[PDB]
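One chain follows as structure tokens, the form solved without its partner chain.
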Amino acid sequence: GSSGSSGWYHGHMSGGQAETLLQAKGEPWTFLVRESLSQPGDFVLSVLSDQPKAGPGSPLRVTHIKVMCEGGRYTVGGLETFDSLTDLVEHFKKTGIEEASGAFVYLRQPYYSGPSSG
């Protein structure tokens, strides 16, 4: 198929992992959906920022956007909700996300990841 169809769901990824995974790629503005192992029922949205730690040669920080699954609806803590992570991701895929540091983030492209790592 020319294009895909929502392929960010890595099933059940580990926060710490995603960080490394996303970093492994380095792709700036890269999000991915992963089930919260620590939080059964909820989910985490790790997005790769274009903001390095040291700069050139350093890994780009990571932002974990927790997903509050309440009332059969998902929310990142905002008034807006959703039924499926798709209607959520595809939603914030444009509006983007806002960090606490005052910086904003955007889900340019999802994380496909591969089988082998190293």
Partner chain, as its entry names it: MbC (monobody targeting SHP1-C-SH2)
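Residue numbers count along the first chain shown, from 1.
The next section is about a form of this same protein that is not shown, the form deposited with its partner chain bound.
Visitor: Taking 30, 55 and 58 as a possible spot, do all three reach its partner chain in the deposited bound form with a heavy atom inside 4.5 Å?
Guide: Looking in the deposited bound form, the three residues 30, 55 and 58 all stay beyond 4.5 Å of its partner chain (heavy atoms).
Visitor: Is it the case that residue 86, even though its partner is missing from this view, gets within 4.5 Å of its partner chain in the deposited bound form, heavy atoms only?
Guide: Although its partner chain is absent here, residue 86 would stay clear of it in the deposited bound form, with no heavy atoms inside 4.5 Å.
Visitor: Looking in the deposited bound form, any heavy atom of residue 14 within 4.5 Å of its partner chain?
Guide: Residue 14 belongs to the contact set for its partner chain.
Visitor: Taking heavy atoms and a 4.5 Å cut-off, does residue 62 contact its partner chain in the deposited bound form?
Guide: Taking the distances in the deposited bound form, the answer for residue 62 is yes, it comes within 4.5 Å of its partner chain.
Visitor: Closest heavy atom of residue 72 to its partner chain in the deposited bound form, within 4.5 Å or not?
Guide: The answer is no: residue 72 has no heavy atom within 4.5 Å of its partner chain.
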